[PDB]
Structures are given as structure tokens and as C-alpha cells.
Visitor: 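Just dropping this structure here.
The first residue in the sequence is number 1, and the count goes up from there. Atoms within a ligand are numbered from 1 in the order they appear, just like the ligands themselves. Values below: every heavy atom of this structure, side chains too, minus hydrogens, waters and symmetry copies.
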Amino acid sequence: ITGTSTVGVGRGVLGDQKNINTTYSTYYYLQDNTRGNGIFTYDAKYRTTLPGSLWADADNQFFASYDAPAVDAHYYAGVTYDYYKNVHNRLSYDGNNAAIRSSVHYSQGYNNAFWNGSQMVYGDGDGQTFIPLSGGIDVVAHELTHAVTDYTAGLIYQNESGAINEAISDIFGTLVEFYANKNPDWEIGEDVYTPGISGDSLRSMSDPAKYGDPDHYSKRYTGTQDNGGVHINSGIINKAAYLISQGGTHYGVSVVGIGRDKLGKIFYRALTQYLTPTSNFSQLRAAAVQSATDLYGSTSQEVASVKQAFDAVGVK
Ligand SMILES: [Ca+2]
Ligand SMILES: [Ca+2]
Ligand SMILES: [Ca+2]
Ligand SMILES: [Ca+2]
Ligand SMILES: [Zn+2]
């Protein structure tokens with residue numbers, strides 16, 4: 001909407017206070033004009049018709065319980081935009097500052113979040129498996145990264161290409177979580193998953209097997225559930241990414257870590273310059289090796305560590 005840029009204040013899902021960029025025109029809207037062609041947050045009002053209505057508020061204060069998922073979807077979309085722009089010189093998900101749209105309060109008891117081809121969508125959870133999912137910065141960045149993937153490599157959402165797609169979203173979700181630097185970890189969704197259980201998460205990148213996901217290609221899922229295991233086999237690539245960054249010895253294979261920033265550079269370049277819609281795990285390894293070669297040189301530690309990490313997870 002046309003209006004003037006304003007700054008509201010509110011509380012997110014976890015009770016933390018934050019400022020949010022809004023727009024004033026009769027109401028204060030969750031419309032951040034400071035980033036690209038805007039970040040827009042919508043109320044789906046417990047229904048499944050999207051996007052719903054652009055979030056309107058009478059006083060620019062967002063402290064009601066109903067406001068909390070909107071505050072966090074809006075704010076964390078901004079952090080994710082800043083990560084891609086400042087770290088990778090990428091302007092929004094399409095590279096051309098496309099408007100970023102999110103809807104919260106999607107459906108009833110909805111234990112998921114997704115990119116629908118055009119926008120992000122967040123359930124509130126059922127209060128048992130999840131609380132409102134936009135409370136996780138890694139979740140928000142995971143969702144926006146699906147849009148980045150779709151505009152770039154275009155990885156088809158099934159089997160190995162789909163597990164790469166998933167891992168890319170978990171990798172960049174985690175790197176955004178580290179960028180914001182509030183309780184960062186290599187776990188996925190811990191801030192919104194299972195409020196009655198402390199210390200767990202939806203997935204682990206450092207130890208995928210803790211939540212039943214494979215950490216080696218010889219343990220990959222080969223069935224048809226979950227689009228051929230896209231949220232399961234992502235553990236193999238997540239583990240490789242974790243090893244590239246942090247190092248370790250895994251199934252007897254030692255990996256020298258090179259740190260998160262170089263991980264992000266290597267995987268961003270692989271995603272945007274080398275991967276294709278049908279890339280498989282072996283082709284991701286080749287893309288990562290080539291990306292590290294471009295960035296750091298064929299004889300570099302970075303290239304050697306990429307190879308060690310993929311060896312450690314059984315991907316040749
Ligand atoms: Ca208000
Ligand atoms: Ca965390
Ligand atoms: Ca996390
Ligand atoms: Ca929990
Ligand atoms: Zn996903």
C-alpha cells in the first residue's frame with residue numbers, strides 16, 4: 001500500500017520485544033519498505049485461502065498474543081533478506097528485489113510451514129508438536145531459501161534433488177541463525193518444536209541420526225514417503241555441510257573444518273552457478289568441489305575439506 005514508512009514495536013512468539021518496519025496509511029501495516037520492493041506480512045485468519053489480508057494494526061504496537069507470529073515472520077524475513085544481500089550480494093529471492101510475502105495463522109493446528117511457489121506460509125502449530133513456526137529464525141530462513149532455490153538451481157522436490165533442496169534450506173536457515181547470533185546452533189527448529197520437551201529439535205545437522213535421519217549415503221531412504229525422503233536424506237548433505245564448516249572424524253574419515261562463512265560461499269556458488277533441477281548427490285559433490293576451486297584454488301585446504309566431507313558421508 002502507499003503510505004509512509006514507520007517503526008512499530010511488538011513481541012514475538014518467544015516473548016521477546018523487537019522493532020518492526022511498518023507503513024502508515026490510516027492503519028499501520030506490516031509492510032517494510034526499507035528492504036527491496038518490500039516485505040509484506042498477511043493474516044490468514046486460521047483459514048487456508050492465501051494470502052489473506054495485509055496485516056493492519058490501529059496503533060503500531062504489536063503486543064497481543066495474536067500478533068506474535070506476525071511480528072516474527074515479518075522481522076525474521078528482514079534478517080534473512082539482510083543475510084542474502086550483505087553476505088551474498090543477492091537482492092531478495094529472485095535477485096531483483098521481488099517483494100517478500102508471508103502469511104501467518106494459516107489453518108488450524110497446522111504443524112508445518114512452506115513456500116507455496118509465491119509466498120511463505122506459517123502454521124500456528126497445535127501447541128504440542130509446534131508453537132507458531134515463524135518463531136524460529138532458522139524456519140523462516142529455511143522457507144525463504146526454498147524461493148531462492150526455486151529461482152536458481154530449481155531442484156525438483158523429490159528423491160536426491162529434493163533432499164539437496166531440503167539441505168540447502170537447512171544450511172542457509174542455520175547460517176542466517178548464526179548471522180543474527182541469538183542462541184545459534186546446528187539444529188533445526190528447536191525454538192518452536194515440542195514446547196513440552198527441552199533440548200530437542202526437528203532435525204540435527206551435526207548428528208542427523210539423533211532424530212533418525214541418515215548420516216551416510218549407505219543409510220539413505222529409498223521408499224516413496226515424504227517425496228522420496230526429502231526431509232530424511234537431507235541429513236546426509238546436512239552432515240557433509242556441518243563437517244565442511246566444523247570438522248570432525250566421521251565413520252573414520254577426518255575432515256578439517258574451514259568455518260561457516262566459507263561453507264556458505266561454497267554452497268551459495270554451487271546453488272547459483274552449478275546445480276540444476278535434477279542434480280543428484282554425486283553432482284552436488286562435484287558442484288561444491290568446483291565452487292571451492294573457483295573461490296580458493298585447486299590446491300586449497302577448502303577444496304580438500306569439501307572432498308573429505310563428502311567422502312565421510314559416502315558420496316563420491
Ligand atoms: Ca496494536
Ligand atoms: Ca538456536
Ligand atoms: Ca537452529
Ligand atoms: Ca522442544
Ligand atoms: Zn523445506
Side-chain angles (χ1 to χ4, degrees), residues 3 6-32 41-43 45 53-76 79-80 83 104-105 109 111-113 123-127 129-143 145 169-181 183-208 211-213 238 241-242 245-246 260 263-264:
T6 47
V7 176
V9 58
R11 271 201 291 267
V13 174
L14 295 185
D16 55 323
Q17 188 171 302
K18 58 203 73 183
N19 297 336
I20 50 264
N21 293 295
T22 58
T23 297
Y24 177 75
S25 182
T26 304
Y27 286 99
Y28 298 89
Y29 293 90
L30 296 180
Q31 172 180 324
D32 173 3
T41 303
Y42 296 77
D43 188 5
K45 319 175 176 181
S53 56
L54 185 64
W55 193 287
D57 185 272
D59 66 4
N60 217 18
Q61 310 294 297
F62 300 81
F63 293 90
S65 305
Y66 193 81
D67 302 339
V71 168
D72 278 345
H74 196 67
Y75 184 93
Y76 293 143
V79 178
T80 303
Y83 170 82
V104 301
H105 297 301
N111 286 320
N112 215 344
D124 288 331
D126 64 7
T129 295
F130 286 105
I131 66 178
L133 284 84
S134 59
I137 185 170
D138 53 4
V139 175
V140 170
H142 178 111
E143 305 315 328
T145 297
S169 278
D170 286 344
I171 292 163
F172 292 105
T174 290
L175 295 176
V176 173
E177 184 174 308
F178 273 95
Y179 179 76
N181 199 29
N183 301 313
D185 52 54
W186 294 89
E187 304 294 292
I188 305 300
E190 69 283 345
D191 289 338
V192 293
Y193 188 64
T194 56
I197 303 173
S198 65
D200 68 343
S201 63
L202 178 65
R203 289 178 289 274
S204 172
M205 302 181 68
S206 59
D207 183 18
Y211 303 116
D213 298 321
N238 283 345
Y242 172 81
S245 182
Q246 302 303 108
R260 291 178 308 267
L263 173 68

Visitor: Is it the case that the ring center of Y27 lies less than 6.0 angstrom away from the ring center of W55?
Guide: no
Visitor: Any donor-acceptor pair under 3.5 Å linking the side-chain atoms of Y66 with those of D43?
Guide: yes
Visitor: With a cut-off of 3.0 Å, which protein N/O/S atoms are close to the Ca ion (ligand 1), if we only count those under it?
Guide: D57 OD1, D57 OD2, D59 OD1, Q61 O
Visitor: Is the side chain of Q17 donor-acceptor paired with the backbone N or O of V9 at a distance under 3.5 Å, no angle test?
Guide: no
Visitor: Relative to the ring of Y242, is the ring of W186 parallel (under 30°), tilted (30 to 60°) or perpendicular (over 60°)?
Guide: perpendicular
Visitor: Hey, are the side chains of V7 and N21 touching, using non-hydrogen atoms and a 4.5 Å cut-off?
Guide: yes
Visitor: Spell out, as yes or no, whether a donor-acceptor pair under 3.5 Å connects the side chain of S201 to the backbone of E190.
Guide: no
Visitor: List nothing but the number: protein N/O/S atoms under 3.0 Å from the Ca ion (ligand 4).
Guide: 5
Visitor: How wide is the angle at the Ca ion (ligand 2) between OE2 in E177 and OD2 in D185, to the nearest 10°?
Guide: 90°
Visitor: Going by the angle between their ring planes, with limits at 30° and 60°, are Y28 and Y24 parallel, tilted or perpendicular?
Guide: tilted
Visitor: Please give me the minimum heavy-atom distance between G127 and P195, naming the atom from each residue.
Guide: O-CG, 3.3 Å
Visitor: Looking at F62, I'd like to know if its CZ atom is crowded, meaning that more than 12 non-hydrogen atoms belonging to other residues, nucleotides or ligands lie closer than 6.0 Å.
Guide: yes
Visitor: Would you call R203 and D170 a salt bridge, taking side-chain N to carboxylate O under 4.0 Å as the test?
Guide: yes
